[PDB]
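Encoded as structure tokens, the structure appears first; notes follow it.
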Amino acid sequence: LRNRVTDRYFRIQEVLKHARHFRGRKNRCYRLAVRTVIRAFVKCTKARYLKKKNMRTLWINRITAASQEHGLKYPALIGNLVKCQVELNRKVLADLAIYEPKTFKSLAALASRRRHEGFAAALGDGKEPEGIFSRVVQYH
Amino acid sequence: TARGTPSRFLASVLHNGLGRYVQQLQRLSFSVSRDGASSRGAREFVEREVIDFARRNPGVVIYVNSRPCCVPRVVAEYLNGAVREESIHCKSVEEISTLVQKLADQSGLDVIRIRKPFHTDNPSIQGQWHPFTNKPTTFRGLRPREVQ
Amino acid sequence: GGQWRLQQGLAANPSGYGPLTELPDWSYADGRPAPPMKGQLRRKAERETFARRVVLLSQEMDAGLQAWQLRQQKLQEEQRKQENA
Amino acid sequence: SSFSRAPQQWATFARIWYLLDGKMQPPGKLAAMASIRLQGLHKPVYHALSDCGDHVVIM
Amino acid sequence: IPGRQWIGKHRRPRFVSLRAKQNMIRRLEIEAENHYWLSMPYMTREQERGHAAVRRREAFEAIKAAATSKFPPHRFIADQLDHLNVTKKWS
Amino acid sequence: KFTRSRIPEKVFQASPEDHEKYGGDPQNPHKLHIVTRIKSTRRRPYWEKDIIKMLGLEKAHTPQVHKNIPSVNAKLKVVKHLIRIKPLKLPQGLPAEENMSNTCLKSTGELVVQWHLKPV
Amino acid sequence: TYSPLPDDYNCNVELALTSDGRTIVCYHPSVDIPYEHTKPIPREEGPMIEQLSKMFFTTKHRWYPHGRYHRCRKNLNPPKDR
Amino acid sequence: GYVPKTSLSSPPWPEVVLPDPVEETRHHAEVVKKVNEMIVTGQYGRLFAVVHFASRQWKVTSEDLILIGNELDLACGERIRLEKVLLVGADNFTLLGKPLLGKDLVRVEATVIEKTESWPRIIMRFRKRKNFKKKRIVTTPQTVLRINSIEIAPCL
Ligand SMILES: [Mg+2]
């Protein structure tokens with residue numbers, strides 16, 4: 001054996017330090033550990049697409065929960081906060097509902113005033129002057 | 001991964017930005033070989049830019065030890081007692097000058113996973129939601145199906 | 001909700017053009033302006049090579065119309081400078 | 001606001017008892033109303049791990 | 001369904017919702033506008049002849065000149081002698 | 001077999017009803033298209049995967065000025081199901097070399113040559 | 001007469017635009033609980049797990065213990081926030 | 001054009017009368033002047049703001065911390081005025097822009113505390129039966145801002 005491997009101990013511990021919190025022999029035996037440490041790393045990067053998915057689904061379920069307290073549905077709140085050019089995203093709107101429920105009651109009041117201004121413009125077809133909260137601000 | 005590695009919350013040391021900004025390095029400690037190719041860039045860092053560095057922040061007290069080592073180390077000690085010992089082994093002069101400026105900018109808190117990207121200590125101003133916000137009160141406190 | 005923004009003339013994405021993603025995110029507290037964002041330098045350079053392409057392609061048409069407006073006159077006096085002698 | 005730490009936490013995650021009269025009502029429109037309230041899906045503090053379900057009493 | 005639900009003689013039936021009808025219709029209205037704007041050209045085919053031939057020919061010449069300028073790079077004595085610096089010591 | 005498709009010239013002869021629905025002029029038509037790809041080149045034949053590379057529409061939702069000439073229009077007629085064609089309207093004129101660095105293409109299809117981010 | 005929400009439970013919301021039409025000013029002072037809307041203050045393993053399941057409205061499964069593996073995998077010094 | 005009262009003759013939603021726009025703008029001037037007097041006299045206490053910093057929106061109060069995932073080419077300690085405030089609220093009023101509040105009205109300050117890197121964060125690719133296995137470890141650079149003050153000015 002001219003040169004055989006003298007540092008094979010440290011190549012095993014590169015993998016086995018990630019497996020210390022496993023079950024069974026996956027935390028000890030190297031042959032069983034690499035098929036799970038690799039699989040624990042692929043799931044770690046495929047769940048960067050699911051954290052952003054499961055946070056937005058959580059924010060939608062926390063805006064839908066709080067908009068129902070004021071009688072609004074979720075598409076009646078997001079759809080009419082856009083129309084008032086109030087570009088708040090789902091993270092803040094779900095964190096306004098928990099920590100500032102007076103401001104969230106004002107955003108539910110505003111998104112329902114614009115909704116009623118959208119119906120009153122739609123039942124009165126033909127040229128009518130616009131609503132007060134329905135006037136867009138133009139940028140040039 | 002994140003279930004293997006510890007985690008912490010985003011904090012500062014002593015509310016580092018409220019009153020004044022306190023530089024969080026105390027010491028840098030360079031071991032630099034006099035004869036040795038591994039510390040070729042580390043000798044050029046001490047010759048050129050450690051004097052420009054030791055004037056840019058006079059709170060950091062820098063010790064160049066200059067002993068016969070094979071691997072040159074830099075031992076950054078911080079204000080909360082933490083020690084981050086890193087190696088500058090076979091690095092060019094432009095690669096140690098950013099490695100040391102990275103050591104100056106950061107605080108002594110661990111580089112483990114930070115849970116939330118923010119830290120409010122008074123998160124609520126109008127009063128945090130409980131189930132009895134957004135619920136109207138009945139007359140006399142009468143619960144449903146209660147006659148008197 | 002981006003089919004409403006397309007009727008107002010805004011971008012369908014609020015992260016497109018407009019005051020939200022083209023103004024500077026920050027400034028110095030004394031009031032000196034920040035150095036411009038790398039995504040604003042990359043967008044303004046990509047908008048210039050679009051406007052350079054509008055200037056280039058419009059002139060290639062207008063110079064290409066005048067060349068045909070001269071070749072259809074040079075065809076014409078060839079018809080009349082042989083009708084003699 | 002202005003509560004202590006421990007009574008603020010108790011007030012937010014307290015469980016509430018809802019009455020829901022079921023006379024002449026379809027059982028699926030009562031089930032949608034109950035299973036929102038049983039999950040905690042009507043609270044803005046909702047999480048699937050926080051265990052914030054309420055008590056629904058259908059008569 | 002006997003074998004492989006979506007292939008073969010007996011497949012499971014798939015049906016068209018209001019989603020799939022409205023998704024094809026709003027793609028059919030982008031298409032009808034496409035046929036409108038392609039129906040009115042600025043030039044006829046005889047006016048456009050050679051109107052960008054001087055720019056197309058110079059475009060290829062700069063690809064052709066980049067192709068026939070492939071050659072090894074210059075080799076400096078200051079790259080060969082800088083490897084002497086690996087044994088640069090202090091005193 | 002599945003071949004390429006010759007679309008007849010009748011399809012691209014606009015009716016006078018069509019000039020009222022979309023705001024185009026038959027006399028004095030527009031000069032520059034704004035081509036934007038809105039469908040993928042995957043599950044499309046190779047003669048459409050290459051035309052999209054010829055027009056520069058490799059990225060979806062990225063606009064591209066192309067001339068309104070019957071040779072560019074012959075390439076747009078192949079891949080018209082993949083793209084969205086709109087006219088580049090110019091309220092102010094084409095930008096000078098002083099107004100070159102302050103332009104913006106809006107979602108209406110117009111290229112404003114002075115672009116502040118201040119309201120009216 | 002008009003109120004976009006029934007201003008009865010949380011706060012009295014009043015919406016307003018400024019004269020430029022560029023900011024929306026919302027005024028919402030907190031509503032108080034009236035005095036007439038209040039009340040005066042009034043002055044074995046088997047059977048024990050059935051006794052707590054009836055007490056806290058959980059199932060029987062969370063009162064049985066866990067092994068030493070799950071007991072010492074638990075972070076006993078967890079990170080605190082706020 | 002009269003319909004008798006069945007269940008489907010009328011719509012099920014209540015007929016909401018929208019108030020007259022000549023009396024609403026007069027009422028809007030009363031509400032704006034009420035809140036503006038609360039800014040002059042100092043009726044507010046703690047303010048919070050929603051700031052569109054780097055790519056997202058941070059609900060921001062005073063004396064808090066923000067962690068952004070990019071280098072801000074700043075020195076540690078430099079006070080920074082965060083523009084693009086798009087909602088400012090108090091216990092008794094909130095102001096929310098269309099889509100931003102003016103720079104004349106709000107001034108959100110922020111220091112820079114630390115310019116760290118992230119925790120070493122793995123990118124591993126794998127496909128079964130194909131000998132396809134890649135591993136890559138990236139540390140994205142980060143910065144930490146401490147918001148010092150959310151000032152408000154009576155410009156309404
Ligand atoms: Mg089968």
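Chain identifiers are assigned as A, B, and so on, following the order in which chains appear in the structure tokens; residues are numbered from 1 within each chain, and ligands are numbered from 1 in order of appearance.
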Using DSSP on the backbone coordinates, identify the residues of chain G assigned to alpha helix (DSSP H); present them as a PyMOL selection string.
chain G and resi 45-56+68-72
Handout entry: Shell of 12 Å around ligand 1 (only C-alpha atoms and all ligand atoms), written as a PyMOL selection string
Key = chain E and resi 1-8+10-12
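Distance check against chain G using only C-alpha atoms: of F:119, F:8, F:51, F:82, the minimum falls on F:119.
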- prompt: If we count only C-alpha atoms, what is near residue 100 (chain H) at a cut-off of 9 Å, once residues fewer than 6 positions away on the same chain are taken out, given as a ChimeraX atom specification?
  reply: /A:86-87 /C:19-20 /G:22-23 /H:84-87
Those residues with N, CA and C atoms, as a JSON list (two decimals), in the first residue's frame please?
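Contents of part.json, freshly written:
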[["chain", "number", "residue", "atom", "x", "y", "z"],
["A", 86, "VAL", "N", -53.45, 51.81, -2.20],
["A", 86, "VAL", "CA", -52.84, 51.53, -0.91],
["A", 86, "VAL", "C", -52.09, 50.23, -1.06],
["A", 87, "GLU", "N", -50.80, 50.31, -1.37],
["A", 87, "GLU", "CA", -50.05, 49.12, -1.78],
["A", 87, "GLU", "C", -49.39, 48.44, -0.59],
["C", 19, "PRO", "N", -43.64, 55.22, -8.57],
["C", 19, "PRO", "CA", -42.92, 55.82, -7.44],
["C", 19, "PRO", "C", -42.41, 54.83, -6.42],
["C", 20, "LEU", "N", -43.00, 53.64, -6.32],
["C", 20, "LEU", "CA", -42.54, 52.68, -5.32],
["C", 20, "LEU", "C", -41.18, 52.11, -5.62],
["G", 22, "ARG", "N", -53.84, 63.07, -1.83],
["G", 22, "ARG", "CA", -52.70, 62.17, -1.87],
["G", 22, "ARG", "C", -52.48, 61.36, -0.61],
["G", 23, "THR", "N", -52.95, 61.82, 0.55],
["G", 23, "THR", "CA", -52.91, 61.02, 1.75],
["G", 23, "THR", "C", -54.33, 60.82, 2.26],
["H", 84, "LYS", "N", -39.90, 56.52, 1.51],
["H", 84, "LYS", "CA", -41.00, 55.63, 1.14],
["H", 84, "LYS", "C", -41.71, 55.07, 2.36],
["H", 85, "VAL", "N", -42.16, 55.96, 3.21],
["H", 85, "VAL", "CA", -43.11, 55.59, 4.24],
["H", 85, "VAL", "C", -44.50, 55.61, 3.63],
["H", 86, "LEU", "N", -45.27, 54.57, 3.88],
["H", 86, "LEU", "CA", -46.53, 54.44, 3.18],
["H", 86, "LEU", "C", -47.73, 54.23, 4.10],
["H", 87, "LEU", "N", -47.52, 54.23, 5.41],
["H", 87, "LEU", "CA", -48.58, 54.24, 6.41],
["H", 87, "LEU", "C", -47.98, 54.64, 7.74]]
Inset, instruction - Return the neighbours of chain B among the residues of chain D, cut-off 9 Å, counting only C-alpha atoms, as number ranges by chain. - result: D: 1-3, 8-16, 19, 43-45
Create the file for the chosen residues now, containing C-alpha atoms and written as a tab-separated table (two decimals), in the first residue's frame.
chain	number	residue	atom	x	y	z
D	1	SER	CA	-52.75	47.61	25.66
D	2	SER	CA	-50.71	48.43	28.79
D	3	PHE	CA	-51.27	44.93	30.16
D	8	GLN	CA	-51.86	39.84	27.73
D	9	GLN	CA	-50.89	36.36	26.54
D	10	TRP	CA	-53.88	34.82	28.31
D	11	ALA	CA	-56.39	37.21	26.76
D	12	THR	CA	-55.22	36.63	23.19
D	13	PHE	CA	-55.20	32.83	23.28
D	14	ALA	CA	-58.31	32.39	25.43
D	15	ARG	CA	-61.00	30.11	24.06
D	16	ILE	CA	-64.47	31.48	23.44
D	19	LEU	CA	-73.74	29.18	20.51
D	43	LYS	CA	-58.69	34.60	14.73
D	44	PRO	CA	-55.93	36.72	13.19
D	45	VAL	CA	-53.55	35.00	15.65
With a cut-off of 12 Å and counting only C-alpha atoms, select all residues of chain B in contact with chain G and give the selection as JSON, numbers by chain. {"B": [3, 4, 6, 7, 8, 9, 10, 11, 113, 114, 115, 116, 118, 119, 120, 121, 122, 123, 124, 126, 127, 129, 130, 131, 132, 133, 134, 135, 136, 137, 138, 139, 140, 141, 142, 143, 148]}
Considering only strand (DSSP E) as DSSP defines it on the backbone, what residues of region 1-155 of chain H qualify? List them as a VMD selection string. chain H and resid 48 to 51 58 to 61 65 to 68 80 to 82 85 to 89 93 to 97 106 to 114 121 to 127 132 to 138 143 to 152
Exercise answer, chain A residues close to chain B, 8 Å and only C-alpha atoms, as a PyMOL selection string: chain A and resi 18+21+40-41+44+69-70+97-102
Exercise for the section: When you get a sec, could you note down which chain C residues fall within 8 Å of chain E, using only C-alpha atoms, as a list in words? Expected result: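 Only these qualify: residues 60, 61, 63, 64, 65, 67 and 68 of chain C.
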Would you save the residues from that selection as a PDB file, in the first residue's frame, using N, CA, C and O atoms?
ATOM      1  N   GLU C  60     -34.466  54.303 -39.641  1.00  0.00           N
ATOM      2  CA  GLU C  60     -34.231  53.359 -40.727  1.00  0.00           C
ATOM      3  C   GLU C  60     -35.455  53.210 -41.613  1.00  0.00           C
ATOM      4  O   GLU C  60     -35.327  52.851 -42.784  1.00  0.00           O
ATOM      5  N   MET C  61     -36.644  53.474 -41.076  1.00  0.00           N
ATOM      6  CA  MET C  61     -37.842  53.490 -41.903  1.00  0.00           C
ATOM      7  C   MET C  61     -37.934  54.779 -42.699  1.00  0.00           C
ATOM      8  O   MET C  61     -38.218  54.759 -43.901  1.00  0.00           O
ATOM      9  N   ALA C  63     -35.593  56.990 -43.495  1.00  0.00           N
ATOM     10  CA  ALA C  63     -34.579  57.043 -44.536  1.00  0.00           C
ATOM     11  C   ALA C  63     -34.824  55.986 -45.599  1.00  0.00           C
ATOM     12  O   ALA C  63     -34.365  56.135 -46.734  1.00  0.00           O
ATOM     13  N   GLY C  64     -35.531  54.913 -45.253  1.00  0.00           N
ATOM     14  CA  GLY C  64     -35.844  53.902 -46.244  1.00  0.00           C
ATOM     15  C   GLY C  64     -37.045  54.269 -47.089  1.00  0.00           C
ATOM     16  O   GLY C  64     -37.238  53.723 -48.176  1.00  0.00           O
ATOM     17  N   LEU C  65     -37.878  55.188 -46.598  1.00  0.00           N
ATOM     18  CA  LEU C  65     -38.975  55.693 -47.415  1.00  0.00           C
ATOM     19  C   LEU C  65     -38.492  56.748 -48.392  1.00  0.00           C
ATOM     20  O   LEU C  65     -38.978  56.824 -49.523  1.00  0.00           O
ATOM     21  N   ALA C  67     -35.529  56.897 -49.718  1.00  0.00           N
ATOM     22  CA  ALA C  67     -34.765  56.241 -50.769  1.00  0.00           C
ATOM     23  C   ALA C  67     -35.684  55.673 -51.836  1.00  0.00           C
ATOM     24  O   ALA C  67     -35.369  55.723 -53.028  1.00  0.00           O
ATOM     25  N   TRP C  68     -36.833  55.145 -51.427  1.00  0.00           N
ATOM     26  CA  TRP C  68     -37.816  54.682 -52.393  1.00  0.00           C
ATOM     27  C   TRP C  68     -38.546  55.853 -53.030  1.00  0.00           C
ATOM     28  O   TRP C  68     -39.042  55.743 -54.155  1.00  0.00           O
TER      29      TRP C  68
END
request  = Just need the residues of chain A within 9 Å of chain H, counting only C-alpha atoms, so spit them out as a list in words.
outcome  =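 Listed by rising number, the hits are residues 38, 39, 41, 42, 43, 44, 45, 84, 85, 86, 87, 88, 89, 91, 92, 95, 96, 100, 102, 103, 106, 113, 116, 117, 120, 131, 132, 136 and 137 of chain A.
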